[PDB]
Number of protein chains: 2
Amino acid sequence: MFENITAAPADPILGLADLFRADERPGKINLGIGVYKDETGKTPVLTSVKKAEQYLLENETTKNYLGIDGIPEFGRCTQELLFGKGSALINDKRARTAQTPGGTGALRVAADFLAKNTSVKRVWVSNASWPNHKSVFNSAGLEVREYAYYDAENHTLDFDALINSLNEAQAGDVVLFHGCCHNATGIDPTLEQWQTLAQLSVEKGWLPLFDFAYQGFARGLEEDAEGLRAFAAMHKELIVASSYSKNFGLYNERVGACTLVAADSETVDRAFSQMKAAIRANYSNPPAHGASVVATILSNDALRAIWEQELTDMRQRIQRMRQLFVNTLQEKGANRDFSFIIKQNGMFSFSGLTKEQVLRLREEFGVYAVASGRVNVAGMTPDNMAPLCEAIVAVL
Amino acid sequence: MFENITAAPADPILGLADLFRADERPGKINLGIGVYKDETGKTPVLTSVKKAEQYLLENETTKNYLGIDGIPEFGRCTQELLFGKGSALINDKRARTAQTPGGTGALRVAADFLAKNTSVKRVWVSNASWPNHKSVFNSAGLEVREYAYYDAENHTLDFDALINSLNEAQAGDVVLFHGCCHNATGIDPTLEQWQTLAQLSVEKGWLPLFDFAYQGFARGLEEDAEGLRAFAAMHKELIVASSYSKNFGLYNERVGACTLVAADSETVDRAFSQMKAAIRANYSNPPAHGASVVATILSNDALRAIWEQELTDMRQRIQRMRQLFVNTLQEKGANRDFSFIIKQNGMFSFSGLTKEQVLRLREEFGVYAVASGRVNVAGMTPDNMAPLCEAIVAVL
């Protein structure tokens, strides 16, 4: 039965990792990472998390199954975070949240749900985006199309090409938007651009699906939710796939949520029922640990205060690195202008390096980056900044 | 887009639970539960587990993503448990294991894998089986057929009717077997019967898929594996979906595994890669907590000893309850012969009660069971035995 099965291709990252590892060089630098890293180059457990885990250890009296949608408080806390407290969506009971196995899990669940309970056949994803979006939707039997977003020339958001490409999309088609910290350009729309897309979306009959994996990494918790909040105020229906992997550093515990928004309570409840059915047929019910931690932190004034501070430190670490990277480049005698790096949010950005420059960087300098020139700024340290910039300069 | 979505039907167990709760009655008894419960009516966290969690709290330094297949030690430990150490399958490197979000998750993964990488179209499941099996497979777009297994007249395994229905199954079709503690008859084949099915399976060109969720609940760890072990010795290819939810009391942490067996190492590796691709398109990578706990216990001589004893205590509670149940009925003036209850393994059994008898028990006595007459013996206690039996007698 498995004799003729052909090997799946790779996932460059894991491939890059192994190569990195098996490298005897000393000054090696891995910028191909997909997680946050501190000044020492590690991905530590948050202090607030560790505290929450101690609390669970001492209070948990059972590991009995959670409901299909998971922990209730996790759901309400998640909603407040997304829509802000006092939101009508909330007071109107128009949103239902399901705890899922990470952000990817949320995406998959939304996909299976749409594929069996609606007429959706196509999902539009931005270009230069997170490659895993394609596989998730395709796996549910959905068509995936690409809209223009990034401008590899000017390193910016080509709003015209965007609006223009999105005109080829039909009513009932889904359009996927990154809430903030676009992966992997780091280029987000302005509040005014968000409001324009929202207006246009309603006019065209699109079903917006938000991929929100970096809340708090661009400007702050509330700020980062402006775009989504702009859409929510204008739409009857909406879908949000959120992740807590990065902002809580809970990567391996698979913590995320899928939020369904309908015109009214009666409708969201009827629609949510089919979402649960989709879940029951996948993994049955969600993993409690990670989600319990989140609910414990978000609901504790003390712990929450500590966590917000840890998140701020992460955000600022990143902003510092972007700035420090551009300066060290200019100093080291950088041929080109890299100031655009400072206008981009989150951990990722396209360096603008050619495929051949990337290859050279690694072969000759032990500097690791994805062939697309994408780099993870959290892989930079005040310590490695100099050797990094000198290498790059050498390949320009 | 969600205006005309029809509400998903119910899941009686969850419907039963809600009804159970809303019951102001005093002597209520819920035999409709799907989990193990102790003499006090609770589902506690195992001592070995709490110890392992302590250990992780103190030793964990990161929550960085696990590989797609999860923790390596979790895998090797799972394989030893399944095939026994020193197994040729292991030494021959013919099996690859993937950590999944519970047993259900493992099933779903196998399904997606089969659906996209092979010519499988049908999956044969036994009758009087676990209903969720249908939904999982259908979700992947697989056909689900039923084979004869349980004999509701004699309360037994009708080997003949079984061998007979399975004849209509063609080569290349998958047949699903419950490793031990058949859900929900509690009727398992004998070693000799397993061996007969194994010989037949090879001859017919079937692809065996084992659902192993109650290892250690029938006779013991190694005993409960005879069947699967009998098949493994005869097949080139095989798939196993195991769960640790019950035997480790880790319900909500979603801990299970999906093991793939091929003819040789090159083949299983090539096939496993497509299995990883299926995972990546689903939830990305697995939840660490639960699985970490399992690997810690299983690899630590002291903890493992403690866990084995805890598992034994659970198994023994059940066998005791079955015995006590039959006896108390008999002395309560029991009409029918329930002695078959003593020959069934695990938490589940069909009491042989009628849909109307079930409805009456609850309406009149507060005793709760599934309309199918399925009862969970772990729901019984030396304390509630008498009343439970008097109620049953009153409806015979």
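Ideal geometry is used to build each Cβ from the backbone, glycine not excepted, and the neighbour counts take in all protein chains shown. Any read-out appearing in this document is the output of simple, stated calculations on the displayed coordinates, not a laboratory observation.
Between B:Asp11 and B:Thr156, with labels modelled 7 Å along Cα→Cβ, what's the label distance in nm to one decimal, could you check?
3.6 nm
How much net charge surrounds A:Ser48 when only other residues with a Cβ under 11 Å from its Cβ are counted (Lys, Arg +1; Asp, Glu -1)?
On the way: positive: A:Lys50, A:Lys51, A:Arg304; negative: A:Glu53, A:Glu308, A:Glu310.
Counting the neighbours of A:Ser48, the net charge comes to 0.
Counting only complete DSSP H runs, which helices of chain A cover 27 Å or more along their long axis at the Cα atoms and score a mean Kyte-Doolittle of -1.0 or above? Walk me through the numbers before you get to the answer.
Numbers: long enough: A:301-331 (44 Å, -0.80).
For chain A, where a helix must reach 27 Å along its axis and average at least -1.0, the hits are A:301-331.
Just to be sure I follow: if Rg is taken over the C-alpha atoms of the protein assembly as shown and Rh is the Kirkwood radius over the same atoms, what is Rg/Rh?
Numbers: Rg = 27.7 Å, Rh = 28.1 Å.
Ratio of gyration radius to Kirkwood radius for the protein assembly as shown: 0.99.
Where a Cα-Cα gap under 28 Å defines reach, which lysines qualify for A:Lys204, not counting those fewer than 8 residues away within the same chain?
Within the straight-line cut-off, A:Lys204 pairs with A:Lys93, A:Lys116, A:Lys121, A:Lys134, A:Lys236.
Suppose you put the label 7 Å out from Cα in the Cβ direction; list, shortest first and in nm with one decimal, how far B:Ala152 is from each other copy's label.
6.4
Using only alpha carbon pairs under 8 Å that are at least six residues apart, calculate the relative contact order of the stretch B:131-185 and give it in whole percent. Present the calculation step by step, with values, prior to reporting the outcome.
Values: 22 pairs, mean separation 11.6, N = 55.
Averaging sequence separation for qualifying contacts and normalising by length gives 21 percent for the stretch B:131-185.
Only Cα pairs within less than 10 Å get springs; with that Gaussian network setup on chain B, which residue of B:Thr190, B:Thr62, B:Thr47 has the largest fluctuation?
Result: B:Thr62 has the largest fluctuation of those listed.
Would you list, by chain and number, the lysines whose Cα falls below 22 Å from the Cα of A:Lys37, excluding same-chain residues fewer than 8 positions away?
Qualifying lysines at Cα under 22 Å: A:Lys28, A:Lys50, A:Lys51, A:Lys246, A:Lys343, B:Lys63.
What residues of the stretch B:1-40 lie in the reach of a label at A:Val202, counting those whose backbone N is under 17 Å from a point 7 Å from the Cα along Cα→Cβ?
Those under the cut-off are B:1.
Sort out for me the Cα centre separation of the stretch A:208-245 from the stretch A:1-60, rounded to whole Å.
Rounded to whole Å, the Cα centres lie 26 Å apart.
With each pseudo-label sitting 7 Å past Cα toward Cβ, what's the B:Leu359-B:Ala334 distance in nm, one decimal?
Each label point is offset 7 Å from its Cα along the Cβ direction, giving 2.6 nm.
Filter the GluC sites (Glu not before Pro) in the stretch A:110-169 down to the DSSP loop ones having no more than 11 other Cβ atoms within 10 Å, then list what survives.
Working: sites: A:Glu143, A:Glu146, A:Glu153, A:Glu168; in loops: A:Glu153, A:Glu168.
Listed in order of number, the matching sites are A:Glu153, A:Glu168.
Once the other residues with Cβ under 12 Å from the Cβ of A:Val35 are scored (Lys, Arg +1; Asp, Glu -1), what is the net sum? Kindly include the intermediate steps, with their values, before the conclusion.
On the way: positive: A:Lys37, A:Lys42, A:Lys246, B:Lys63; negative: A:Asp38.
Taking every other residue near A:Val35 into account, the sum is +3.
How much net charge surrounds A:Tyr244 when only the other residues with a Cβ under 12 Å from the Cβ of A:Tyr244 are counted, with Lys and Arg +1 and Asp and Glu -1? If you can, show how the numbers build up before the last one.
Numbers: positive: A:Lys246, A:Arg254, B:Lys63; negative: A:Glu253.
Taking every other residue near A:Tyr244 into account, the sum is +2.
What are the nm distances, shortest first, from A:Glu364 to its equivalents in the other copies, labels at 7 Å along Cα→Cβ?
9.1
For the stretch A:45-315, what is the relative contact order in percent, using Cα pairs closer than 8 Å and at least 6 residues apart in sequence? Intermediate values should be presented prior to the final figure.
Working: 478 pairs, mean separation 79.9, N = 271.
The normalised contact order for the stretch A:45-315 reaches 29 percent.
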